[PDB]
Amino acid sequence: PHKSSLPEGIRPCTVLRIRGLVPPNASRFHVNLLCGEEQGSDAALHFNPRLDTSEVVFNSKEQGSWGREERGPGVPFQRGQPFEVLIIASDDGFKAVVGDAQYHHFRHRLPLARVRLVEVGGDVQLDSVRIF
């Protein structure tokens, strides 16, 4: 997995670019924007493509409780295939771009100032993760 500290927090217009491959036997993988590395802590964004159940779930987490889930339209990910995700942190929320198209806009639940850590893991084979 990728696990990167953002010590200075993220400021409006941070762009996370994730390039990788979905393994042919993949279940699920995630991109998390978190407050910190203590296990089970706050998540401003939990982005969770699920190949096993044909859905992409967005959510937040506070004080140990998942929020209200959102689902993206369809599944722009395929077993055995590469992908490129952009996550664009503006003042409105997180715009997820997959492939050549905007995929979903997840409006902020937590303050952006609370993100200190990016985590990419699960069933995914990474080419690169960049924070611009």
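In case it trips you up, residue 1 is the first one in the sequence shown, and so on.
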Practice prompt. Using the B-factors recorded in the PDB entry, average over the C-alpha atoms of 30-38 and of 77-85, then report which stretch comes out higher.
Written response: 30-38
Item to complete: Check the entry's C-alpha temperature factors for 57-65 and 43-51, then say which stretch has the higher mean.
Response: 57-65
Fill in: Among 10, 117, 15, 120 - the residue whose C-alpha B-factor is largest in the record
10
Worksheet item: Taking the entry's C-alpha B-factors for this chain, is residue 103 in the lowest, middle or highest third?
Response: middle
